[PDB]
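K.L.:
Data: model.tsv, TSV, C-alpha atoms (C1' of nucleotides) and all ligand atoms.
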chain	number	residue	atom	x	y	z
F	1	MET	CA	0.00	0.00	0.00
F	2	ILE	CA	1.18	3.49	-0.95
F	3	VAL	CA	-0.54	6.68	0.21
F	4	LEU	CA	-0.02	10.08	-1.45
F	5	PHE	CA	-0.91	13.13	0.67
F	6	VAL	CA	-1.50	16.63	-0.71
F	7	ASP	CA	-1.52	19.85	1.28
F	8	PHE	CA	-2.20	23.29	-0.18
F	9	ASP	CA	0.44	25.69	1.15
F	10	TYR	CA	-0.77	28.62	3.30
F	11	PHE	CA	-4.02	28.00	1.47
F	12	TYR	CA	-6.41	30.81	2.47
F	13	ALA	CA	-3.61	33.31	2.13
F	14	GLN	CA	-2.19	31.92	-1.10
F	15	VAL	CA	-5.68	31.87	-2.64
F	16	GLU	CA	-5.88	35.61	-1.90
F	17	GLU	CA	-2.43	36.15	-3.51
F	18	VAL	CA	-3.84	34.38	-6.57
F	19	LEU	CA	-6.93	36.61	-6.64
F	20	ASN	CA	-4.73	39.73	-6.31
F	21	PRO	CA	-1.24	38.80	-7.50
F	22	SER	CA	0.11	42.14	-6.24
F	23	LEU	CA	0.58	40.61	-2.81
F	24	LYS	CA	2.95	37.79	-3.82
F	25	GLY	CA	6.17	38.65	-2.03
F	26	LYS	CA	4.23	40.65	0.56
F	27	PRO	CA	3.20	39.65	4.12
F	28	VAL	CA	-0.38	38.52	3.65
F	29	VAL	CA	-2.48	37.82	6.76
F	30	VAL	CA	-5.99	36.35	6.51
F	31	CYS	CA	-8.01	37.28	9.62
F	32	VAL	CA	-11.35	36.83	11.37
F	33	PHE	CA	-12.76	40.05	12.82
F	34	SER	CA	-15.42	39.64	15.50
F	35	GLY	CA	-16.68	43.17	14.98
F	36	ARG	CA	-16.73	43.59	18.76
F	37	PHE	CA	-14.49	46.57	17.95
F	38	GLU	CA	-11.97	47.31	15.19
F	39	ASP	CA	-9.03	44.91	15.07
F	40	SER	CA	-10.88	42.48	17.30
F	41	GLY	CA	-10.40	38.98	16.03
F	42	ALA	CA	-7.68	36.47	15.35
F	43	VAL	CA	-5.33	35.43	12.57
F	44	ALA	CA	-6.67	32.50	10.50
F	45	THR	CA	-3.53	31.94	8.36
F	46	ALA	CA	-0.49	33.88	7.19
F	47	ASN	CA	1.95	33.39	4.39
F	48	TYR	CA	5.59	32.67	4.96
F	49	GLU	CA	6.47	36.37	4.89
F	50	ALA	CA	4.24	37.08	7.81
F	51	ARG	CA	5.09	33.81	9.55
F	52	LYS	CA	8.84	34.42	9.56
F	53	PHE	CA	8.19	37.52	11.62
F	54	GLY	CA	6.13	35.74	14.24
F	55	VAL	CA	2.65	36.09	12.85
F	56	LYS	CA	0.91	32.71	13.08
F	57	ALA	CA	-2.63	31.36	13.05
F	58	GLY	CA	-4.41	32.03	16.31
F	59	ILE	CA	-2.94	35.24	17.69
F	60	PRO	CA	-5.08	38.35	18.23
F	61	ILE	CA	-5.27	40.60	15.20
F	62	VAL	CA	-3.95	43.38	17.43
F	63	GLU	CA	-0.73	41.78	18.52
F	64	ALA	CA	-0.25	40.77	14.89
F	65	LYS	CA	-0.35	44.38	13.77
F	66	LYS	CA	2.18	45.42	16.40
F	67	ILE	CA	4.69	43.10	14.72
F	68	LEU	CA	3.82	43.72	11.04
F	69	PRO	CA	1.64	46.90	11.03
F	70	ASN	CA	2.12	47.23	7.27
F	71	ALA	CA	1.05	43.76	6.21
F	72	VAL	CA	-2.09	43.16	4.16
F	73	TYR	CA	-4.76	42.09	6.68
F	74	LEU	CA	-7.69	40.51	4.83
F	75	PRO	CA	-11.03	39.16	6.16
F	76	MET	CA	-11.87	35.47	5.85
F	77	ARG	CA	-13.74	34.45	2.68
F	78	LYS	CA	-14.16	30.77	3.30
F	79	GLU	CA	-16.64	30.42	0.46
F	80	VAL	CA	-14.11	31.52	-2.14
F	81	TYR	CA	-11.48	29.12	-0.69
F	82	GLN	CA	-14.13	26.41	-0.69
F	83	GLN	CA	-14.82	26.58	-4.42
F	84	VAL	CA	-11.14	26.85	-5.18
F	85	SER	CA	-10.63	23.82	-2.98
F	86	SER	CA	-13.34	21.82	-4.71
F	87	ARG	CA	-11.78	22.44	-8.09
F	88	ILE	CA	-8.40	21.34	-6.86
F	89	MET	CA	-10.00	18.33	-5.25
F	90	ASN	CA	-11.82	17.19	-8.40
F	91	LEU	CA	-8.50	17.85	-10.07
F	92	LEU	CA	-6.89	15.33	-7.71
F	93	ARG	CA	-10.03	13.24	-7.90
F	94	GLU	CA	-8.60	12.24	-11.28
F	95	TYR	CA	-5.56	10.32	-10.00
F	96	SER	CA	-7.54	7.90	-7.84
F	97	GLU	CA	-11.25	8.27	-6.94
F	98	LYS	CA	-10.14	6.31	-3.88
F	99	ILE	CA	-9.22	9.63	-2.35
F	100	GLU	CA	-10.10	11.11	1.05
F	101	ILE	CA	-10.74	14.84	1.33
F	102	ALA	CA	-9.53	15.25	4.91
F	103	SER	CA	-10.18	19.00	4.96
F	104	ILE	CA	-10.64	22.03	2.78
F	105	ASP	CA	-6.91	21.84	1.95
F	106	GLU	CA	-5.78	18.29	2.82
F	107	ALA	CA	-6.42	15.18	0.82
F	108	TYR	CA	-5.16	11.62	0.97
F	109	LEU	CA	-4.72	9.88	-2.34
F	110	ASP	CA	-4.36	6.10	-2.39
F	111	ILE	CA	-1.98	5.42	-5.27
F	112	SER	CA	-1.50	1.73	-4.42
F	113	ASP	CA	-3.18	0.79	-7.68
F	114	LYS	CA	-2.44	3.66	-10.05
F	115	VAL	CA	1.31	3.14	-9.41
F	116	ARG	CA	3.51	0.78	-7.41
F	117	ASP	CA	7.03	1.77	-6.27
F	118	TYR	CA	8.44	4.81	-4.44
F	119	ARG	CA	10.00	6.18	-7.63
F	120	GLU	CA	7.02	6.33	-9.95
F	121	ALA	CA	4.84	7.37	-7.02
F	122	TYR	CA	7.08	10.38	-6.37
F	123	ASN	CA	7.03	11.34	-10.04
F	124	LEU	CA	3.24	11.32	-9.71
F	125	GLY	CA	3.77	14.03	-7.11
F	126	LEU	CA	5.29	16.53	-9.49
F	127	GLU	CA	2.87	15.32	-12.17
F	128	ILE	CA	0.33	16.65	-9.70
F	129	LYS	CA	2.28	19.38	-7.98
F	130	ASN	CA	2.90	20.87	-11.40
F	131	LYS	CA	-0.65	20.61	-12.70
F	132	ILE	CA	-2.25	22.29	-9.67
F	133	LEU	CA	0.30	25.08	-10.04
F	134	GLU	CA	-0.54	25.34	-13.71
F	135	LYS	CA	-4.32	24.93	-13.68
F	136	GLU	CA	-4.90	27.18	-10.62
F	137	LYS	CA	-1.49	28.58	-9.76
F	138	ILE	CA	-1.40	27.07	-6.27
F	139	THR	CA	1.66	25.56	-4.60
F	140	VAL	CA	0.98	22.27	-2.84
F	141	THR	CA	3.33	20.12	-0.83
F	142	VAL	CA	3.21	16.35	-1.26
F	143	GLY	CA	3.69	13.60	1.31
F	144	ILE	CA	4.18	9.95	0.34
F	145	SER	CA	4.40	6.74	2.40
F	146	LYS	CA	2.80	3.55	3.79
F	147	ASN	CA	-0.03	5.23	5.70
F	148	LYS	CA	-1.94	8.50	5.96
F	149	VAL	CA	-0.13	9.53	9.10
F	150	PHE	CA	3.37	9.45	7.61
F	151	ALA	CA	2.48	10.86	4.21
F	152	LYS	CA	1.00	13.73	6.24
F	153	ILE	CA	4.25	14.00	8.24
F	154	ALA	CA	6.24	13.95	5.00
F	155	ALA	CA	4.51	17.05	3.69
F	156	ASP	CA	4.79	19.02	6.97
F	157	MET	CA	8.49	18.40	6.56
F	158	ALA	CA	8.86	19.46	2.95
F	159	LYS	CA	6.70	22.61	2.87
F	160	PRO	CA	6.17	24.84	1.19
F	161	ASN	CA	5.85	24.00	-2.57
F	162	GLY	CA	7.92	20.87	-1.93
F	163	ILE	CA	7.85	17.09	-1.94
F	164	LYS	CA	9.19	14.24	0.19
F	165	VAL	CA	8.89	10.51	0.44
F	166	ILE	CA	9.09	8.61	3.74
F	167	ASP	CA	9.96	5.00	2.84
F	168	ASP	CA	9.71	1.94	5.08
F	169	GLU	CA	13.14	2.56	6.67
F	170	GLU	CA	12.64	6.22	7.50
F	171	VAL	CA	9.35	5.43	9.12
F	172	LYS	CA	11.51	3.39	11.48
F	173	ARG	CA	13.98	6.22	12.08
F	174	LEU	CA	11.15	8.64	12.86
F	175	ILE	CA	9.21	6.48	15.28
F	176	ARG	CA	12.35	6.63	17.41
F	177	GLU	CA	13.27	10.27	16.73
F	178	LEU	CA	10.13	12.15	15.67
F	179	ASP	CA	8.97	14.58	18.35
F	180	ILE	CA	5.66	13.22	19.66
F	181	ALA	CA	4.50	16.81	19.40
F	182	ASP	CA	4.84	16.57	15.63
F	183	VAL	CA	2.37	13.74	15.19
F	184	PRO	CA	-0.82	14.48	13.21
F	185	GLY	CA	-3.72	15.11	15.53
F	186	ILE	CA	-1.55	15.75	18.54
F	187	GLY	CA	-2.22	19.31	19.70
F	188	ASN	CA	-0.43	21.42	22.27
F	189	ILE	CA	-2.54	20.08	25.08
F	190	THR	CA	-1.91	16.47	24.14
F	191	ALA	CA	1.81	17.01	23.54
F	192	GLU	CA	2.23	18.59	27.00
F	193	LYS	CA	0.40	15.80	28.77
F	194	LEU	CA	2.93	13.48	27.10
F	195	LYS	CA	5.88	15.35	28.61
F	196	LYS	CA	4.56	14.35	32.02
F	197	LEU	CA	4.08	10.64	31.40
F	198	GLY	CA	7.61	10.75	29.99
F	199	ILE	CA	6.91	10.78	26.29
F	200	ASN	CA	8.68	12.88	23.67
F	201	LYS	CA	9.11	10.36	20.84
F	202	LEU	CA	6.58	8.17	19.10
F	203	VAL	CA	8.65	5.24	20.39
F	204	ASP	CA	8.37	6.07	24.10
F	205	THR	CA	4.69	5.08	23.92
F	206	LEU	CA	6.02	1.53	24.02
F	207	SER	CA	7.66	1.81	27.46
F	208	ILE	CA	4.69	3.16	29.44
F	209	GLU	CA	1.81	0.92	30.55
F	210	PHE	CA	-1.19	1.23	28.22
F	211	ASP	CA	-3.30	1.82	31.33
F	212	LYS	CA	-1.35	4.90	32.38
F	213	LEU	CA	-1.75	6.39	28.88
F	214	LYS	CA	-5.43	5.59	28.52
F	215	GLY	CA	-5.91	7.72	31.60
F	216	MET	CA	-4.08	10.87	30.60
F	217	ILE	CA	-4.87	10.99	26.86
F	218	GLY	CA	-7.68	8.49	26.24
F	219	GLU	CA	-7.90	4.99	24.82
F	220	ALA	CA	-8.33	6.07	21.19
F	221	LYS	CA	-5.58	8.66	21.23
F	222	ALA	CA	-3.64	5.97	23.12
F	223	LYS	CA	-4.19	3.15	20.66
F	224	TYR	CA	-3.43	5.55	17.83
F	225	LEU	CA	0.13	6.32	19.02
F	226	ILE	CA	1.07	2.79	20.12
F	227	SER	CA	-0.19	1.66	16.74
F	228	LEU	CA	2.20	4.09	15.11
F	229	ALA	CA	5.32	3.24	17.11
F	230	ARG	CA	4.66	-0.33	15.98
F	231	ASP	CA	4.61	0.59	12.28
F	232	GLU	CA	1.39	-1.35	12.81
F	233	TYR	CA	-0.86	1.63	11.94
F	234	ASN	CA	-2.46	1.34	8.47
F	235	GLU	CA	-5.93	2.88	8.13
F	236	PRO	CA	-7.57	3.00	4.68
F	237	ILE	CA	-8.10	6.08	2.57
F	238	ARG	CA	-11.87	6.48	2.64
F	239	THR	CA	-14.36	9.04	1.34
F	240	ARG	CA	-15.11	10.86	4.61
F	241	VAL	CA	-17.88	13.49	4.67
F	242	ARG	CA	-18.26	16.75	6.61
F	243	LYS	CA	-20.29	15.45	9.55
F	244	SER	CA	-21.56	18.81	10.85
F	245	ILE	CA	-22.04	22.43	9.72
F	246	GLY	CA	-22.54	25.47	11.90
F	247	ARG	CA	-21.97	29.10	12.77
F	248	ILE	CA	-20.92	30.78	16.01
F	249	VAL	CA	-20.89	34.60	16.16
F	250	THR	CA	-19.61	37.08	18.76
F	251	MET	CA	-22.44	39.22	20.13
F	252	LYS	CA	-21.67	42.94	20.15
F	253	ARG	CA	-21.71	42.84	23.96
F	254	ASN	CA	-21.86	40.01	26.46
F	255	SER	CA	-25.10	38.96	28.10
F	256	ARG	CA	-27.35	36.46	29.79
F	257	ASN	CA	-30.49	38.08	28.35
F	258	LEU	CA	-32.39	35.55	26.24
F	259	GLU	CA	-34.02	38.28	24.17
F	260	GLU	CA	-30.76	40.12	23.49
F	261	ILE	CA	-29.23	36.89	22.19
F	262	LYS	CA	-32.03	35.56	20.01
F	263	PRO	CA	-31.11	37.72	16.98
F	264	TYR	CA	-27.54	36.44	16.90
F	265	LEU	CA	-28.67	32.87	17.48
F	266	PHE	CA	-31.34	33.29	14.82
F	267	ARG	CA	-28.70	34.70	12.48
F	268	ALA	CA	-26.46	31.75	13.19
F	269	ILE	CA	-29.23	29.30	12.18
F	270	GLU	CA	-30.42	31.10	9.08
F	271	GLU	CA	-26.81	31.40	8.02
F	272	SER	CA	-26.33	27.73	8.90
F	273	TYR	CA	-29.20	26.57	6.70
F	274	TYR	CA	-27.79	28.36	3.70
F	275	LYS	CA	-24.56	26.40	4.20
F	276	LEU	CA	-26.54	23.18	4.76
F	277	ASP	CA	-28.17	23.39	1.36
F	278	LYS	CA	-30.81	20.66	1.05
F	279	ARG	CA	-28.95	18.29	3.42
F	280	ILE	CA	-31.24	17.35	6.28
F	281	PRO	CA	-29.97	17.42	9.90
F	282	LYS	CA	-31.55	15.33	12.72
F	283	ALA	CA	-29.43	16.74	15.52
F	284	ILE	CA	-28.93	20.35	16.63
F	285	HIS	CA	-26.50	21.85	19.07
F	286	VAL	CA	-26.91	25.38	20.35
F	287	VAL	CA	-23.37	26.44	21.22
F	288	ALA	CA	-22.24	29.31	23.39
F	289	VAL	CA	-18.80	30.57	24.33
F	290	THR	CA	-18.71	31.90	27.90
F	291	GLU	CA	-17.40	35.26	29.18
F	292	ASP	CA	-14.26	33.32	30.19
F	293	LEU	CA	-13.86	31.47	26.87
F	294	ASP	CA	-15.32	28.09	27.96
F	295	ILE	CA	-17.32	26.25	25.28
F	296	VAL	CA	-20.69	25.19	26.76
F	297	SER	CA	-23.27	23.61	24.47
F	298	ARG	CA	-26.54	21.71	24.68
F	299	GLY	CA	-28.03	19.75	21.83
F	300	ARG	CA	-30.87	17.45	20.91
F	301	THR	CA	-31.29	14.61	18.44
F	302	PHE	CA	-34.64	13.90	16.76
F	303	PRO	CA	-35.86	10.74	14.96
F	304	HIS	CA	-36.32	12.88	11.86
F	305	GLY	CA	-34.89	15.82	9.95
F	306	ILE	CA	-35.07	19.27	11.51
F	307	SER	CA	-37.09	21.84	9.55
F	308	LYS	CA	-35.65	25.33	9.92
F	309	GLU	CA	-38.88	26.45	11.51
F	310	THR	CA	-38.19	23.81	14.15
F	311	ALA	CA	-34.59	24.97	14.55
F	312	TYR	CA	-35.75	28.39	15.62
F	313	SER	CA	-38.14	26.72	18.04
F	314	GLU	CA	-35.71	24.21	19.58
F	315	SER	CA	-32.60	26.43	19.47
F	316	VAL	CA	-34.32	28.59	21.98
F	317	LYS	CA	-35.13	25.80	24.40
F	318	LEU	CA	-31.54	24.53	24.27
F	319	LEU	CA	-30.41	28.08	24.91
F	320	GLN	CA	-32.77	28.47	27.86
F	321	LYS	CA	-31.40	25.12	29.07
F	322	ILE	CA	-27.82	26.41	29.03
F	323	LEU	CA	-28.60	29.59	30.97
F	324	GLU	CA	-30.01	27.20	33.57
F	325	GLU	CA	-26.93	25.04	34.12
F	326	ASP	CA	-24.33	27.81	33.99
F	327	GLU	CA	-23.50	31.27	35.34
F	328	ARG	CA	-20.97	32.96	33.06
F	329	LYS	CA	-22.28	35.58	30.66
F	330	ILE	CA	-22.39	34.51	27.04
F	331	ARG	CA	-19.97	36.16	24.59
F	332	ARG	CA	-20.27	34.11	21.38
F	333	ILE	CA	-23.41	32.24	20.43
F	334	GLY	CA	-24.05	29.90	17.57
F	335	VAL	CA	-25.66	26.71	16.35
F	336	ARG	CA	-24.51	23.35	14.98
F	337	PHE	CA	-26.46	20.90	12.89
F	338	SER	CA	-25.44	17.24	12.60
F	339	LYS	CA	-26.54	13.66	12.00
F	340	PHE	CA	-27.67	14.39	8.49
F	341	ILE	CA	-30.24	12.22	6.75
J	1	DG	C1'	-20.99	-7.12	30.96
J	2	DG	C1'	-21.80	-4.60	27.01
J	3	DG	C1'	-24.53	-2.75	22.61
J	4	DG	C1'	-26.25	1.31	20.45
J	5	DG	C1'	-26.83	6.22	21.21
J	6	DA	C1'	-27.49	10.63	22.95
J	7	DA	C1'	-25.32	14.24	25.48
J	8	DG	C1'	-21.78	17.08	27.20
J	9	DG	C1'	-17.00	18.32	27.59
J	10	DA	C1'	-12.49	18.81	25.31
J	11	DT	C1'	-9.14	19.39	21.72
J	12	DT	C1'	-7.20	19.99	17.02
J	13	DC	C1'	-6.57	23.10	13.01
J	14	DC	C1'	-8.00	16.63	11.50
X	1	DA	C1'	-9.78	38.21	29.68
X	2	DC	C1'	-8.77	40.09	21.51
X	3	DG	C1'	-12.20	34.13	16.50
X	4	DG	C1'	-14.24	30.24	14.13
X	5	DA	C1'	-15.36	25.85	12.28
X	6	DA	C1'	-15.14	20.74	13.32
X	7	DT	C1'	-14.08	16.91	15.28
X	8	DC	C1'	-12.65	14.08	18.88
X	9	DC	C1'	-13.99	11.59	23.00
X	10	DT	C1'	-15.45	10.50	27.61
X	11	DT	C1'	-19.91	9.78	30.29
X	12	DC	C1'	-24.72	8.97	30.87
X	13	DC	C1'	-28.45	5.96	29.68
X	14	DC	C1'	-32.14	2.30	28.39
X	15	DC	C1'	-32.07	-2.26	28.42
X	16	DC	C1'	-30.96	-7.05	26.97
F	401	LIG	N1	-5.65	28.64	15.62
F	401	LIG	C1	-5.92	28.23	14.38
F	401	LIG	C2	-5.00	27.43	13.71
F	401	LIG	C3	-5.29	27.00	12.42
F	401	LIG	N2	-6.49	27.37	11.79
F	401	LIG	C4	-6.76	26.96	10.39
F	401	LIG	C5	-5.80	27.66	9.43
F	401	LIG	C6	-6.16	26.88	8.16
F	401	LIG	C7	-6.31	25.46	8.72
F	401	LIG	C8	-5.11	24.56	8.37
F	401	LIG	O1	-3.87	25.09	8.85
F	401	LIG	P1	-2.47	24.35	8.56
F	401	LIG	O2	-2.67	22.91	8.32
F	401	LIG	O3	-1.56	24.76	9.66
F	401	LIG	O4	-1.97	24.97	7.16
F	401	LIG	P2	-1.93	26.56	6.92
F	401	LIG	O5	-1.71	27.20	8.23
F	401	LIG	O6	-3.13	26.96	6.13
F	401	LIG	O7	-0.62	26.82	6.02
F	401	LIG	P3	0.42	25.65	5.63
F	401	LIG	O8	-0.41	24.39	5.09
F	401	LIG	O9	1.45	26.11	4.67
F	401	LIG	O10	1.05	25.11	7.01
F	401	LIG	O11	-6.45	25.58	10.14
F	401	LIG	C9	-7.41	28.18	12.47
F	401	LIG	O12	-8.47	28.53	11.92
F	401	LIG	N3	-7.12	28.61	13.77
F	402	CA	CA	-2.30	23.85	4.24
F	403	CA	CA	-3.64	21.53	5.82
F	404	CA	CA	1.39	19.37	17.63
F	405	CA	CA	-0.99	21.76	10.67
Please rewrite the model in this file as structure tokens.
P.N.:
Amino acid sequence: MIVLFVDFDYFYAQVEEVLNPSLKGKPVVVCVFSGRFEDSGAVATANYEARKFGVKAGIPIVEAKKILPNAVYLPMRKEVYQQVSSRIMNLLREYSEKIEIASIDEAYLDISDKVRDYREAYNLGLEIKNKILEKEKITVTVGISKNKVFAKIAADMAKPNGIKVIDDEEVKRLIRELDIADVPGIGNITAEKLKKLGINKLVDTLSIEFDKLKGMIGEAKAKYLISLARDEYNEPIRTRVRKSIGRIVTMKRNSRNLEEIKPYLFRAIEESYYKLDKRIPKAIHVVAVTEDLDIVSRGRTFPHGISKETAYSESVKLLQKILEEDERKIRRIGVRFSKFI
DNA sequence: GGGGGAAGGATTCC
DNA sequence: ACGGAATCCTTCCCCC
């Protein structure tokens, strides 16, 4: 089995540089403004020009401007990136319809069939890395190896606009040297917790007692890692479908006033149905970020699809439910629809 | 003891 | 106490 991973480089930002080529070479920073007050928001993604000066995804738009006050700060236009993504996906979709669109800018391509060998598989990378650059002028890094997890690791190592192959030997070198913190799906929180238990390499997960792990990071997350250190991972490249769609918005001011919130909540839903588009959801989650940034949410699953009229109706109840089991004032409020029909 | 699921909390950027 | 979209995942639950 041979898996080929593709990752669009600084995607949201690069897309913008493609829509306005006057930025290429300039620090471009795609942001998300909450409108709570000018420059209130966070950085979604930056290009390498911004990044090399300390501007990364997640920091407040304010602190980002203190570093690079003269960079091009642009608002998020997910929709645009979405269509661009689709096109690139269908583009890839023609090298193995046994692909997995992991995210708006990640995709795992099973090239087991289409080509056997680490030489011809690599040359399928440029055959693809060149076409995407040609057909849509987008630079995409390629990762290639035995399973999704290492192909993914390969790309993170070669970026941007690069390519790398992690054969069966390297996989072995990494499991003993790769920083646990660099493993796909291991966030800051999970990495830290691993420092404690005494883990810093994928291999260390073999010393500790499964039971200890299972308690600090969970069975699943636990099995995942052990599985990796054993080169005994292998998980198929499968279709995968967005399993939820939603919208959370920051209210102009905080509150605990049901009637002051409604409009935002009702805007979240209406704006969530547009993005649903025909798909029918049977589960709804009214979500609310607290005054202290804690995500509290209450949902409900029905034995049928949820008509929008019903969303309005139920979204309120769930909201009234929240206010009951909490104290904090609500800052951001939104909805989430799932369990599609 | 454990299936099948809903619900709520937590974490990754998938 | 500066944003947002999703998913992961650990517990509660009805009941065989
Ligand atoms: N705090 C964060 C961190 C990340 N993201 C988004 C940014 C786009 C998406 C994927 O990010 P990466 O995989 O890190 O890629 P990138 O940042 O878009 O750029 P590159 O692929 O070149 O690393 O996650 C976000 O919204 N909020
Ligand atoms: Ca990317
Ligand atoms: Ca990515
Ligand atoms: Ca990490
Ligand atoms: Ca990443």
K.L.:
Looking at F:14, F:123, F:338, F:86, which one is nearest to chain X, with distances taken over all atoms listed in the file?
P.N.:
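Result for the nearest residue to chain X: F:338.
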K.L.:
Pull out every residue of chain J that has at least one atom within 9 Å of chain F, counting all atoms listed in the file, and report them as a ChimeraX atom specification.
P.N.:
/J:6-14
K.L.:
What is the distance, in Å and to one decimal place, between CA of residue 117 (chain F) and CA of residue 168 (chain F)?
P.N.:
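Separation of CA of residue 117 (chain F) and CA of residue 168 (chain F): 11.7 Å.
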K.L.:
Output as a ChimeraX atom specification the set of chain F residues within 8 Å of chain X, with distances taken over all atoms listed in the file.
P.N.:
/F:32-34,40-42,60-62,218,244-248,292
K.L.:
Leaving out residue 235 (chain F) and any residue of its chain fewer than 5 positions from it, which residues lie within 9 Å of it when counting all atoms listed in the file, given as a PyMOL selection string?
P.N.:
chain F and resi 147-149
K.L.:
Keeping only C-alpha atoms, write the selected residues to a file as a PDB file, in the frame of the given file.
P.N.:
ATOM      1  CA  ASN F 147      -0.030   5.230   5.700  1.00  0.00           C
ATOM      2  CA  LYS F 148      -1.940   8.500   5.960  1.00  0.00           C
ATOM      3  CA  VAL F 149      -0.130   9.530   9.100  1.00  0.00           C
TER       4      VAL F 149
END
K.L.:
Can you tell me which residues surround residue 216 (chain F) at a distance of at most 12 Å, considering only C-alpha atoms (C1' of nucleotides), apart from same-chain residues fewer than 2 positions away, and format the answer as a PyMOL selection string?
P.N.:
(chain F and resi 189-199+208-214+218-222) or (chain X and resi 10)
K.L.:
Go ahead and compute the interatomic distance for CA of residue 263 (chain F) and CA of residue 251 (chain F), in Å to one decimal.
P.N.:
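Atom-to-atom, CA of residue 263 (chain F) and CA of residue 251 (chain F) are spaced 9.3 Å apart.
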K.L.:
How far is it from CA of residue 266 (chain F) to CA of residue 280 (chain F), in Å with one decimal?
P.N.:
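Computed distance, CA of residue 266 (chain F) to CA of residue 280 (chain F), equals 18.1 Å.
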K.L.:
Give the residues close to ligand CA 402 (chain F), within 8 Å, counting all atoms listed in the file; write them as JSON, numbers by chain.
P.N.:
{"F": [7, 8, 9, 10, 11, 105, 106, 140]}
K.L.:
Enclose the full set of atoms of region 299-306 of chain F listed in the file within a box whose edges lie along x, y and z, apply 6 Å of padding to each of the six sides, and report centre and edge lengths in Å to one decimal as lines of an AutoDock Vina configuration file.
P.N.:
center_x = -32.2
center_y = 15.2
center_z = 15.9
size_x = 20.3
size_y = 21.0
size_z = 23.9
K.L.:
Using only C-alpha atoms, which residue out of F:6, F:239, F:38, F:75 lies closest to residue 126 (chain F)?
P.N.:
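Smallest separation from residue 126 (chain F) among the options: F:6.
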K.L.:
Between F:67, F:183, F:306, F:229, which residue has the minimum interatomic distance to ligand CA 404 (chain F), considering all atoms listed in the file?
P.N.:
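Comparing F:67, F:183, F:306, F:229 against ligand CA 404 (chain F), the winner is F:183.
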K.L.:
Which is closer to residue 95 (chain F) than all the others in F:182, F:127, F:79, F:271, using only C-alpha atoms?
P.N.:
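Nearest candidate to residue 95 (chain F) out of F:182, F:127, F:79, F:271: F:127.
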K.L.:
For region 43-52 of chain F, where the input has fewer atoms than it should, I would like N, CA, C and O atoms rebuilt and written as a CSV table (one decimal), keeping the file's coordinate frame.
P.N.:
chain,number,residue,atom,x,y,z
F,43,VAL,N,-5.9,35.8,13.9
F,43,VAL,CA,-5.3,35.4,12.6
F,43,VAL,C,-5.7,34.0,12.2
F,43,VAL,O,-5.6,33.0,12.9
F,44,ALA,N,-6.3,33.8,11.0
F,44,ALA,CA,-6.7,32.5,10.5
F,44,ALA,C,-5.4,31.8,9.9
F,44,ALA,O,-5.1,30.6,10.2
F,45,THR,N,-4.7,32.5,9.0
F,45,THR,CA,-3.5,31.9,8.4
F,45,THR,C,-2.7,33.1,7.8
F,45,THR,O,-3.2,34.1,7.4
F,46,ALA,N,-1.4,32.9,7.8
F,46,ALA,CA,-0.5,33.9,7.2
F,46,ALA,C,0.4,33.2,6.2
F,46,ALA,O,0.6,32.0,6.2
F,47,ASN,N,1.0,34.0,5.3
F,47,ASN,CA,2.0,33.4,4.4
F,47,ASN,C,3.3,33.4,5.1
F,47,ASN,O,3.5,33.9,6.2
F,48,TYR,N,4.3,32.8,4.4
F,48,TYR,CA,5.6,32.7,5.0
F,48,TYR,C,6.3,34.0,5.3
F,48,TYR,O,7.3,34.0,6.0
F,49,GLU,N,5.9,35.1,4.7
F,49,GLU,CA,6.5,36.4,4.9
F,49,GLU,C,6.1,37.0,6.2
F,49,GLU,O,6.8,37.6,6.9
F,50,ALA,N,4.8,36.7,6.6
F,50,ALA,CA,4.2,37.1,7.8
F,50,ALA,C,4.7,36.2,8.9
F,50,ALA,O,5.3,36.6,9.9
F,51,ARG,N,4.6,34.9,8.6
F,51,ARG,CA,5.1,33.8,9.6
F,51,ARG,C,6.5,34.0,10.1
F,51,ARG,O,6.8,33.7,11.3
F,52,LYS,N,7.5,34.3,9.2
F,52,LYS,CA,8.8,34.4,9.6
F,52,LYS,C,9.1,35.6,10.4
F,52,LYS,O,10.2,35.9,10.8
